[PDB]
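Below you'll find the structure, written out as structure tokens, and then a few comments.
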Amino acid sequence: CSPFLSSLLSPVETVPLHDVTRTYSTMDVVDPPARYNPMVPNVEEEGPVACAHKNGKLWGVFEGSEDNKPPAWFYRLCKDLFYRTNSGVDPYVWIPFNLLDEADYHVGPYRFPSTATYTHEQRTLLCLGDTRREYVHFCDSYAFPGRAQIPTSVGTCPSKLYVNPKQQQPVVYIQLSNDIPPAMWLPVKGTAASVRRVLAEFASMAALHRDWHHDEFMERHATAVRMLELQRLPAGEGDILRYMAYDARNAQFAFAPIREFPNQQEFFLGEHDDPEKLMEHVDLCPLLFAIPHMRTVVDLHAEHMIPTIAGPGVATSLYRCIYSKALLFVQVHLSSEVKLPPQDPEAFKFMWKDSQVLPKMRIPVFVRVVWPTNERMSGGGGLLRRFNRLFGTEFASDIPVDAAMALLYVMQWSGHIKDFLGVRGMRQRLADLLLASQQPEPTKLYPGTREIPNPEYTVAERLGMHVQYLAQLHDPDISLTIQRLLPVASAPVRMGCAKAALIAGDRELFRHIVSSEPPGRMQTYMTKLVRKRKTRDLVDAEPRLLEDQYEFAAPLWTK
Amino acid sequence: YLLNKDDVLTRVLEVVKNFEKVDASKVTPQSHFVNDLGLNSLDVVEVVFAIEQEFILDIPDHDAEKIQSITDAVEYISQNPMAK
Amino acid sequence: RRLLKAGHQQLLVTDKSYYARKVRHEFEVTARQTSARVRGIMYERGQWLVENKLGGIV
Amino acid sequence: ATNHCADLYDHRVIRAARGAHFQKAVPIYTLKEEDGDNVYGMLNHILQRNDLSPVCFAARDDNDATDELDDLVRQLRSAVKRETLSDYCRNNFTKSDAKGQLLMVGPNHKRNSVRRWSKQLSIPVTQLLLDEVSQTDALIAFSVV
Amino acid sequence: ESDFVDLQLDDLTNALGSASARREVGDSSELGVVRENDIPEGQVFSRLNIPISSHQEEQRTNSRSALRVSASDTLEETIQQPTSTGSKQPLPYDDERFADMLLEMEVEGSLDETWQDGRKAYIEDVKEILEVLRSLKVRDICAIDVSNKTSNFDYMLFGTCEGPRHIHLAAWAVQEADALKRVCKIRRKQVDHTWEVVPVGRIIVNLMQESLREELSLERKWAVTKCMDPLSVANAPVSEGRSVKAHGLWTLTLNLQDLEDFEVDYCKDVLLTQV
Ligand SMILES: *P(=O)(O)OCC(C)(C)[C@@H](O)C(=O)NCCC(=O)NCCSC(=O)CCCCCCCCC
């Protein structure tokens with residue numbers, strides 16, 4: 001009674017393949033080549049409160065107000081924000097306030113951008129159950145730099161301030177940008193000091209980001225100018241911005257600010273035959289700067305990025321959030337495979353040389369949200385708890401709403417909202433895979449063989465890969481789960497458990513798994529996985545007598 | 001304040017019995033380290049320092065060179081006010 | 001006794017058992033092998049060790 | 001041969017077979033999961049290809065023991081037909097055209113092999129038993145089967 | 001207090017759309033979060049990435065410097081010292097002029113200003129190597145600080161291993177403990193099955209068997225060896241040369257062949273001070 005369990009047991013049955021005995025119609029075939037069509041477009045009534053505002057009865061619609069004049073708390077808040085009463089300047093730290101007039105207010109409901117692709121239920125949840133609910137934009141407080149601009153620049157698009165005309169308590173909603181729905185508008189009290197502190201948090205974060213990375217960004221700017229001069233390319237402002245966003249690829253890994261901020265959390269974005277599409281989706285996100293700190297083009301057909309059982313590793317990219325200056329560390333893992341290579345490559349090549357259908361690839365992508373300790377930048381714990389209870393996600397109580405909405409928008413635009421999950425979702429998927437392994441499995445195209453293996457993924461391989469994913473997601477009981485799952489595991493599942501223990505960092509458990517593994521190609525590859533002294537240190541459980549002596553590797557592989 | 005000689009004798013007897021050189025049955029409550037037990041003077045220092053390990057009190061060098069028998073060790077701890 | 005007590009007072013990483021064994025071996029075999037003048041030299045050097053914290057034995 | 005059987009080229013195996021390895025009539029395969037062969041995938045392919053019926057003979061009957069996987073699933077969240085050999089042969093061999101047979105013989109050291117066969121095999125497997133020879137020796141049991 | 005509006009006031013409007021009850025979800029949302037504890041700026045790490053809480057002295061302990069001396073002077077003590085020094089008496093060293101000049105330089109403290117070296121090792125690394133060897137079950141671990149003495153290393157560790165296999169295992173474990181800052185690995189083939197030498201910065205590690213350890217006796221040597229004294233160069237030079245009467249006018253003749261290793265270790269400075 002689960003969607004993922006149903007997808008495991010009964011597949012989609014897309015493409016049929018006829019034979020002399022059966023018809024294998026359930027195969028995860030690679031999508032056809034994409035085609036760009038110029039004919040296909042890219043984009044793809046006034047309410048009562050607004051009418052009363054137009055007629056002049058907005059203060060009458062206001063509940064806590066007089067039938068003629070604005071509310072007392074609202075008038076006091078406007079006076080304080082206009083005269084800086086209660087609490088050559090730096091524009092990054094300074095918090096302006098542009099109060100609008102009654103004829104200048106913007107009364108109406110939240111209108112999603114023309115490119116915002118959300119379902120009806122998702123738009124309802126982002127509008128908090130009422131899409132027709134209208135707000136009154138009256139002032140703009142703080143500006144953030146443009147997406148395409150250098151991340152260390154002054155703000156140009158100001159954040160908006162709304163007030164719900166009909167509410168019981170004084171609430172001011174702070175919207176960072178048009179891409180943030182009212183479900184993530186920061187609800188602050190009617191206190192001018194509260195608004196000032198909420199905006200000063202973002203101001204201080206922007207000032208810190210500038211002071212930390214402006215010199216590096218300007219050095220990259222100079223490098224881009226010099227490289228344009230060398231390559232004889234046109235030298236303009238947009239050209240330099242594009243070349244900086246490109247050299248984000250050539251940026252080195254050692255000098256990347258991956259651990260710039262204290263707190264961090266992990267999320268699983270699903271498995272992709274071509275994770276470059278998801279990477280392009282992340283690159284084209286309105287809530288992230290177009291010039292990332294580091295970019296890695298995942299090309300599975302490159303000799304250094306071919307996914308193997310002891311694969312090349314992890315392709316890493318680092319993006320910066322525009323409004324909260326948090327970090328998104330995208331990690332494409334090319335080493336999660338638990339399938340052994342063919343014993344004779346010539347036969348496998350003869351078998352798959354002329355085949356016009358290739359199976360899907362299961363390549364995991366993770367994202368690490370890195371953020372600093374904040375008290376008023378995440379909108380309090382209640383905002384994120386509401387977001388979690390609404391969208392079935394597992395976010396921390398202090399993760400910035402900017403990064404939260406960035407991840408949500410990216411996953412929804414890519415179409416993997418079901419694949420986007422955390423530790424709880426990964427545990428549920430692991431339970432589903434255990435149930436699927438208990439159930440009988442359907443027949444694939446042809447049975448696997450050490451000589452000619454089957455490229456299609458089986459339930460045991462999926463279970464091993466998901467054990468690896470649960471270890472990667474920093475599960476606190478990952479070692480206990482591996483210990484409980486090892487006695488009832490197959491060979492690919494034990495390989496996945498070894499990789500998962502190695503990822504979690506339990507060298508003793510890894511050595512136990514390697515010593516319990518019976519001798520074979522699986523044991524050889526799980527020994528080759530790590531940097532070791534001698535293979536016997538991992539393979540031999542009991543010390544093998546060598547020259548009337550006994551070696552001991554427990555101190556070498558403990559902790 | 002002053003510990004009874006019975007409890008002080010039980011501790012020092014357990015040390016000399018569990019010692020690396022003194023045999024179990026060879027020890028007696030009235031014995032000498034060098035003559036009755038057959039130890040050297042360098043071993044007398046070790047059995048004295050072993051007693052100072054269980055009795056937190058610190059013995060000066062002059063008072064330590066006087067303890068050459070188990071009877072002297074019991075009487076010293078008895079009169080010592082630092083007998084824990 | 002001074003050497004043994006000083007070692008057990010300030011002997012952090014070095015094995016106290018091994019230190020006592022080394023001191024016993026010295027006092028028991030090295031002096032009995034060498035001459036009396038070298039015995040006195042060893043006595044003076046042991047006093048120097050007691051006064052200078054075992055000569056750097058950490 | 002599956003599930004960690006003794007090596008086919010062991011000296012005792014050779015002495016007991018006496019040339020059964022050098023023949024060409026009956027092919028003998030070794031499906032080792034640690035090398036990349038999916039034993040049950042291959043067996044289900046054989047079943048669906050040749051339209052066989054799976055029977056299984058365990059030297060020892062399965063014991064009433066729970067599976068750790070159920071408790072593991074609960075932590076992460078928060079029927080075999082027994083038929084005697086004689087009457088089975090009677091009911092399945094008297095008809096004109098009978099399906100081929102896939103016989104899985106094994107000694108149950110852990111007493112769960114029948115359950116795991118039924119779980120990992122489609123076309124629910126039949127359990128072959130001996131009425132008066134219930135608890136017998138593995139050699140004579142396998143010979144009769 | 002919080003600057004944001006009532007979380008319950010927001011949940012009241014959210015529950016009409018959520019239609020669910022969320023309870024005890026903060027723990028399940030936090031169990032995946034990682035918090036990094038901050039580190040003080042003043043806290044520095046050793047060569048093995050270990051915090052340091054014990055300070056040291058940049059000068060030598062054997063020094064005699066007025067700046068190092070912390071005891072307050074006294075007029076009566078100065079008068080007594082002057083009345084004592086009123087009687088001229090030369091120093092026991094050979095070169096009287098050189099001995100007086102060296103003592104003056106020592107009490108002035110310019111020797112320490114010239115020999116100031118902040119590249120000293122740390123006892124935290126010695127303790128870490130000790131713990132690694134204890135895990136490897138290496139018997140009789142003996143560490144000696146020879147920074148004050150004439151040597152090339154600050155700390156010398158000595159361990160007893162039983163067999164070439166155990167020796168190589170302990171060497172590889174010390175290497176992997178030093179993996180953070182090491183630049184090379186140990187020799188793969190053992191050229192000596194009874195002795196292994198692992199350099200860790202200014203800390204050296206010797207892994208020997210019982211026989212070779214008792215034969216070398218390096219720990220007793222480095223313990224008996226006195227600390228460096230600048231007055232030692234005031235002694236007479238020594239050089240092995242047979243004269244017509246086995247006596248040098250400005251040099252000394254001492255033969256260490258008739259002396260054992262322990263005799264040499266105990267009398268090296270004694271003979272130089274005597275003759
Ligand atoms: P007791 O009377 O039974 O025995 C007393 C001793 C001194 C043990 C004699 O029996 C004895 O053995 N005498 C041998 C000759 C002698 O007097 N030896 C005196 C010892 S010399 C000395 O003091 C050595 C100190 C050197 C410092 C050793 C430190 C080593 C650090 C590694």
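Chain identifiers are assigned as A, B, and so on, following the order in which chains appear in the structure tokens; residues are numbered from 1 within each chain, and ligands are numbered from 1 in order of appearance.
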Pull the strand (DSSP E) assignments for stretch 17-192 of chain A out of DSSP run on the backbone, and list those residues as a compact mmCIF listing (two decimals) with C-alpha atoms, in the first residue's frame.
```txt
# COMPACT_ATOMS: atom_id res chain seq x y z
CA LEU A 17 9.78 -6.53 -26.58
CA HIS A 18 8.43 -9.67 -28.25
CA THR A 23 6.94 -10.49 -24.18
CA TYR A 24 9.20 -8.43 -21.90
CA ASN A 98 9.88 53.28 1.36
CA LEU A 99 6.37 53.77 2.71
CA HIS A 106 -0.76 47.15 -4.07
CA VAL A 107 -3.89 45.29 -2.93
CA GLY A 108 -4.45 41.81 -4.31
CA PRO A 109 -3.67 38.11 -4.05
CA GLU A 134 -5.51 39.26 -0.78
CA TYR A 135 -2.70 41.19 0.91
CA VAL A 136 -1.76 44.87 0.88
CA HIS A 137 1.80 45.67 -0.17
CA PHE A 138 2.57 49.03 1.45
CA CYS A 139 6.36 49.28 1.82
CA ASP A 140 9.68 47.84 0.67
CA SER A 141 12.54 47.53 3.15
CA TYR A 142 15.72 45.84 1.90
CA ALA A 143 17.10 45.08 -1.55
CA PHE A 144 19.10 42.06 -2.72
CA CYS A 157 15.25 44.55 -6.13
CA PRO A 158 13.70 45.44 -2.75
CA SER A 159 11.94 42.99 -0.48
CA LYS A 160 8.23 43.65 0.02
CA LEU A 161 6.14 44.13 3.16
CA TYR A 162 2.49 43.03 3.28
CA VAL A 163 -0.25 43.31 5.89
CA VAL A 171 1.08 40.70 11.57
CA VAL A 172 3.52 42.02 8.96
CA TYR A 173 4.58 39.55 6.28
CA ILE A 174 8.06 40.02 4.82
CA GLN A 175 8.57 38.67 1.29
CA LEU A 186 8.22 35.82 7.31
CA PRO A 187 5.44 36.67 9.81
CA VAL A 188 6.73 39.37 12.16
CA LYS A 189 4.94 41.28 14.89
```
Taking 3 positions as the minimum chain separation for residues in the same chain, which residues sit within 9 Å of residue C:3 when counting only C-alpha atoms? Answer as a PDB file with N, CA and C atoms, in the first residue's frame.
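Written out: part-v9.pdb:
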```
ATOM      1  N   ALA C   6      60.442   9.294  42.777  1.00  0.00           N
ATOM      2  CA  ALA C   6      60.388  10.392  41.820  1.00  0.00           C
ATOM      3  C   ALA C   6      59.793   9.937  40.495  1.00  0.00           C
ATOM      4  N   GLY C   7      60.104   8.711  40.071  1.00  0.00           N
ATOM      5  CA  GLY C   7      59.502   8.195  38.852  1.00  0.00           C
ATOM      6  C   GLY C   7      58.002   8.022  38.982  1.00  0.00           C
ATOM      7  N   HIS C   8      57.561   7.411  40.085  1.00  0.00           N
ATOM      8  CA  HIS C   8      56.128   7.225  40.289  1.00  0.00           C
ATOM      9  C   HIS C   8      55.403   8.536  40.565  1.00  0.00           C
ATOM     10  N   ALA C  20      61.023   0.864  36.775  1.00  0.00           N
ATOM     11  CA  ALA C  20      61.512   0.182  37.968  1.00  0.00           C
ATOM     12  C   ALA C  20      62.414  -0.988  37.602  1.00  0.00           C
ATOM     13  N   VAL C  23      65.818   0.457  36.589  1.00  0.00           N
ATOM     14  CA  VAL C  23      66.578   0.927  37.746  1.00  0.00           C
ATOM     15  C   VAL C  23      67.109  -0.251  38.557  1.00  0.00           C
ATOM     16  N   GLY C  46      72.973   9.354  39.541  1.00  0.00           N
ATOM     17  CA  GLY C  46      71.622   9.096  40.006  1.00  0.00           C
ATOM     18  C   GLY C  46      71.092  10.216  40.877  1.00  0.00           C
ATOM     19  N   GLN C  47      71.952  10.777  41.732  1.00  0.00           N
ATOM     20  CA  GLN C  47      71.550  11.959  42.491  1.00  0.00           C
ATOM     21  C   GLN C  47      71.224  13.123  41.560  1.00  0.00           C
ATOM     22  N   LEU C  49      70.091  12.869  38.527  1.00  0.00           N
ATOM     23  CA  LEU C  49      68.797  12.564  37.920  1.00  0.00           C
ATOM     24  C   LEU C  49      67.653  12.878  38.876  1.00  0.00           C
ATOM     25  N   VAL C  50      67.799  12.491  40.145  1.00  0.00           N
ATOM     26  CA  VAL C  50      66.767  12.780  41.137  1.00  0.00           C
ATOM     27  C   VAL C  50      66.534  14.282  41.239  1.00  0.00           C
ATOM     28  N   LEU C  54      64.833  13.002  36.599  1.00  0.00           N
ATOM     29  CA  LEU C  54      65.177  11.786  35.868  1.00  0.00           C
ATOM     30  C   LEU C  54      65.904  12.064  34.557  1.00  0.00           C
TER      31      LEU C  54
END
```
Please extract the residues at most 9 Å from ligand 1, counting only C-alpha atoms and all ligand atoms, and provide them as a VMD selection string, using the chain letters and residue numbers of this document. (chain B and resid 34 39 to 44) or (chain C and resid 3 19 22 to 36 38 to 50 54 to 55 57) or (chain E and resid 217 219 to 224 266)
Would you output that residue set with N, CA and C atoms, as a compact mmCIF listing (two decimals), in the first residue's frame?
```txt
# COMPACT_ATOMS: atom_id res chain seq x y z
N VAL B 34 64.50 -9.41 55.39
CA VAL B 34 65.76 -9.93 54.86
C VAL B 34 66.06 -11.33 55.37
N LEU B 39 64.65 -11.66 51.48
CA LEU B 39 64.67 -10.60 50.49
C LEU B 39 65.96 -9.80 50.59
N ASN B 40 66.29 -9.11 49.50
CA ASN B 40 67.40 -8.17 49.48
C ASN B 40 66.92 -6.80 49.93
N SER B 41 67.89 -5.91 50.18
CA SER B 41 67.55 -4.57 50.66
C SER B 41 66.88 -3.74 49.57
N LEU B 42 67.27 -3.96 48.31
CA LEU B 42 66.56 -3.31 47.21
C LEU B 42 65.12 -3.79 47.12
N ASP B 43 64.85 -5.03 47.53
CA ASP B 43 63.48 -5.52 47.55
C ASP B 43 62.73 -5.02 48.78
N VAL B 44 63.44 -4.70 49.86
CA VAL B 44 62.81 -4.07 51.01
C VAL B 44 62.26 -2.70 50.63
N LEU C 3 64.84 7.56 43.55
CA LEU C 3 64.59 7.39 42.12
C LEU C 3 63.21 6.78 41.87
N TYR C 19 60.33 1.20 34.04
CA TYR C 19 61.29 2.10 34.69
C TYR C 19 61.88 1.47 35.94
N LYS C 22 64.30 -1.23 34.90
CA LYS C 22 65.57 -0.69 34.44
C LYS C 22 66.43 -0.22 35.61
N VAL C 23 65.82 0.46 36.59
CA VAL C 23 66.58 0.93 37.75
C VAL C 23 67.11 -0.25 38.56
N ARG C 24 66.28 -1.28 38.75
CA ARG C 24 66.73 -2.48 39.45
C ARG C 24 67.89 -3.15 38.72
N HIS C 25 67.76 -3.30 37.40
CA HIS C 25 68.82 -3.91 36.61
C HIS C 25 70.12 -3.13 36.74
N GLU C 26 70.05 -1.80 36.63
CA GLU C 26 71.23 -0.98 36.83
C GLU C 26 71.86 -1.25 38.20
N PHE C 27 71.11 -0.94 39.27
CA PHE C 27 71.63 -1.07 40.63
C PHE C 27 72.16 -2.47 40.92
N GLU C 28 71.63 -3.50 40.25
CA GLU C 28 71.97 -4.87 40.60
C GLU C 28 73.09 -5.47 39.76
N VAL C 29 73.27 -5.06 38.50
CA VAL C 29 74.26 -5.68 37.64
C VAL C 29 75.34 -4.70 37.21
N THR C 30 74.99 -3.43 36.94
CA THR C 30 75.97 -2.54 36.33
C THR C 30 77.06 -2.15 37.32
N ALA C 31 76.67 -1.80 38.55
CA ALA C 31 77.65 -1.48 39.57
C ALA C 31 78.47 -2.71 39.95
N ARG C 32 77.82 -3.86 40.12
CA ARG C 32 78.53 -5.08 40.46
C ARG C 32 79.48 -5.53 39.35
N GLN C 33 79.25 -5.09 38.11
CA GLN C 33 80.18 -5.41 37.04
C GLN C 33 81.33 -4.41 36.99
N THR C 34 81.03 -3.12 37.09
CA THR C 34 82.05 -2.10 36.93
C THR C 34 82.86 -1.93 38.22
N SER C 35 83.82 -1.01 38.19
CA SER C 35 84.69 -0.75 39.32
C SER C 35 84.03 0.20 40.32
N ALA C 36 84.70 0.37 41.47
CA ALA C 36 84.12 1.17 42.55
C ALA C 36 84.05 2.65 42.19
N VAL C 38 83.61 3.88 39.17
CA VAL C 38 82.45 4.02 38.30
C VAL C 38 81.16 3.84 39.08
N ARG C 39 81.17 3.02 40.14
CA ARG C 39 80.01 2.93 41.01
C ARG C 39 79.69 4.27 41.65
N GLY C 40 80.72 4.98 42.12
CA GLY C 40 80.49 6.29 42.69
C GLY C 40 80.05 7.31 41.66
N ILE C 41 80.59 7.21 40.45
CA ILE C 41 80.13 8.08 39.36
C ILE C 41 78.65 7.84 39.08
N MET C 42 78.23 6.58 39.07
CA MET C 42 76.82 6.25 38.86
C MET C 42 75.97 6.76 40.01
N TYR C 43 76.49 6.71 41.24
CA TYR C 43 75.76 7.24 42.39
C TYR C 43 75.53 8.74 42.24
N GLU C 44 76.59 9.48 41.89
CA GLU C 44 76.46 10.92 41.67
C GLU C 44 75.50 11.22 40.53
N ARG C 45 75.55 10.41 39.46
CA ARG C 45 74.66 10.64 38.33
C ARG C 45 73.21 10.36 38.69
N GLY C 46 72.97 9.35 39.54
CA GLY C 46 71.62 9.10 40.01
C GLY C 46 71.09 10.22 40.88
N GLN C 47 71.95 10.78 41.73
CA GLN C 47 71.55 11.96 42.49
C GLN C 47 71.22 13.12 41.56
N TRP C 48 72.03 13.30 40.51
CA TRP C 48 71.75 14.35 39.54
C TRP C 48 70.41 14.13 38.84
N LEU C 49 70.09 12.87 38.53
CA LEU C 49 68.80 12.56 37.92
C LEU C 49 67.65 12.88 38.88
N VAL C 50 67.80 12.49 40.15
CA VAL C 50 66.77 12.78 41.14
C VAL C 50 66.53 14.28 41.24
N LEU C 54 64.83 13.00 36.60
CA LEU C 54 65.18 11.79 35.87
C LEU C 54 65.90 12.06 34.56
N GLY C 55 66.37 13.29 34.34
CA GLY C 55 67.10 13.61 33.13
C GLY C 55 66.25 13.62 31.87
N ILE C 57 63.21 12.15 31.36
CA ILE C 57 62.36 10.97 31.14
C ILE C 57 60.91 11.43 31.32
N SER E 217 70.60 -0.04 24.40
CA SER E 217 70.45 0.70 25.66
C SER E 217 70.49 2.21 25.42
N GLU E 219 67.91 4.28 25.74
CA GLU E 219 67.13 5.01 26.73
C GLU E 219 67.98 5.36 27.94
N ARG E 220 68.75 4.40 28.45
CA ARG E 220 69.65 4.68 29.56
C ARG E 220 70.68 5.73 29.17
N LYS E 221 71.17 5.68 27.93
CA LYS E 221 72.13 6.68 27.47
C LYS E 221 71.53 8.08 27.50
N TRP E 222 70.38 8.26 26.86
CA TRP E 222 69.77 9.58 26.80
C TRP E 222 69.22 10.04 28.14
N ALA E 223 69.01 9.13 29.09
CA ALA E 223 68.61 9.54 30.43
C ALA E 223 69.81 9.98 31.25
N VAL E 224 70.91 9.23 31.18
CA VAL E 224 72.11 9.56 31.95
C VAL E 224 72.79 10.80 31.40
N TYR E 266 78.27 6.94 31.43
CA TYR E 266 78.35 7.53 32.76
C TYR E 266 79.57 8.43 32.95
```
Which is closer to chain C than all the others in B:83, B:50, B:9, B:27, using only C-alpha atoms?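 Answer, going by the shortest atom-to-atom distance: B:50.
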Would you pick out the contacts of stretch 52-65 of chain B at 7 Å or less, using only C-alpha atoms, so that residues sharing its chain but fewer than 3 positions from it are not included, and give the list as a ChimeraX atom specification? /B:48-49,82-84
